[PDB]
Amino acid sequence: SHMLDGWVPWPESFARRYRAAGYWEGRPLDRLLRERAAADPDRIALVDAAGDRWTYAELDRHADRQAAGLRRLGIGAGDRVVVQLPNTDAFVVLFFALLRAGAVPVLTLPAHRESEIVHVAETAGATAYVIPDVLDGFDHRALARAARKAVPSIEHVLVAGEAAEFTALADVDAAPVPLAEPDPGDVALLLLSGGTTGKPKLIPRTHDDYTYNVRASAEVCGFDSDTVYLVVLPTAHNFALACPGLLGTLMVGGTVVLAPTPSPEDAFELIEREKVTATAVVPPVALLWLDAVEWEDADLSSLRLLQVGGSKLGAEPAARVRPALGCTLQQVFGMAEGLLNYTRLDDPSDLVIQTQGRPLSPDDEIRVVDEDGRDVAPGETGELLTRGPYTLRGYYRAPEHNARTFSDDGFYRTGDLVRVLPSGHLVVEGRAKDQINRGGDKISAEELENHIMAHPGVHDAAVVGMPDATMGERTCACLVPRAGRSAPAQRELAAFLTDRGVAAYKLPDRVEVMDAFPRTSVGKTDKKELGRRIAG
């Protein structure tokens, strides 16, 4: 019996093995804060960008008070709550408050707009939505009004800021009350993945598997009480939340420092001010920092570990991390779906430079298969399939996609092309899935194509990635105009998509108009050949 329907538990035989091996320790996710605050109440747990500071005991207490306030609003056992918050202390307190109230956080990113927010709120049956007031020039309260009109289940809107007609998140506060613990085998939170289909996909992560994700990651990355971790990616990004991220920092009793942006202006100042020892970035930010040290005078000497993931960091900039930034590079090839690959901190520099790591868990199982589904010869390139103690067995409430995406024996088809080396380290070679990786941001081609085809000048759309030296990939929208109509150019299409509620990282970089798309002999649109026609 599980508190949530719509997800796919592990087979009992696997669950027994993972419990027996010590992976699944049977503790709710919120206990990592409860346990740390009991052992080290007066250690500094959290610093925000302004320099305000909270101890473990203060964070634990505030989470209890906000959990009690949430229950007063009717937000509790099993309710899904969409969270869209910046890198501020509000998110950290609310994350644990929701867990302790029994609610299931549905984590979205500040960039997400009406299309993504409405879909995930509709899918999850969310009863509440948590937003800032204004962030990076955008009034999320307007977006909350749109989401409520489209999703009747949303009863409460909690605002980190000026609440307007809604509820101020700060007022969600009450005297702590005894709350029952959740079953550790139940879903603790839902993550978002760009995915490959027409709608974003939600990833259920259980208390046991996410705690293991956090704990094992902290071990591999040498996180402990003298770690000062800078949250540069969004707090809701799996990489910065749990790999080991802020949760791993709190679990071991280090200090979490929240960066408001990844710019050197903000990040370098915080690294010097707070003596940051570890952080995690995507390659475009790594390149920016590697450049910026040549004209910034910040003292970054405290930095010991720079994790780089989300897309493949090239060997040439990888080699520059130690000379330029004075720290150890760790390549991380991970996914919200589960499987994490890490270079080890004392790997030879050759493997840190040239590979994307090896799996976190001894019981991470990996297969590399050809087009016919057969295992490749050792060292050959094929598609990575994986199964393990923190990799999902299905997306949330997506049975049709699950039937296509997981093999019969439960292997998740990642859509990544990889080689496995004799040491077990992986090299990322490309992608099989129809999803563009734009500076770390994942763009489902099918979803974007459906949005674009809603434009009155478009009959058909095919979204193709184009290589980019610093972004990895950019997005080209190939358009067949509607009969007797002119297709839009890039700027009009961008405006149409933004008004439609499409996140800004999905706006096509380039538009190419054409009377027809190349097709295979099936005949699906041949995006291999579209890439060539784009290039001439």
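Counting begins at 1, following the sequence as shown.
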At a threshold of one third of the other compared entries, does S521 come out as unmodelled? yes
Could you check which stretch, 191-199 or 83-91, carries the larger mean CA temperature factor in the entry? 191-199
Mean C-alpha B-factor higher for 260-268, or for 74-82? 74-82
The residue of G415, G357, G137, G334 with the maximal C-alpha B-factor according to the PDB record is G137
Selection by C-alpha B-factor (highest) of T391, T211, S115, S225: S115
When the modelled residues of the chain are sorted by Cα temperature factor, does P422 land in the lowest, middle or highest third? middle
Can you work out whether the C-alpha temperature factor of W24 puts it in the lowest, middle or highest third of the chain? lowest
Split the chain's modelled residues into thirds by Cα B-factor; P105 lands in the middle
Entry-reported Cα temperature factor of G439, expressed as the chain third it lands in: middle
Quick one: classify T405 as lowest, middle or highest third of the chain based on its Cα B-factor. middle
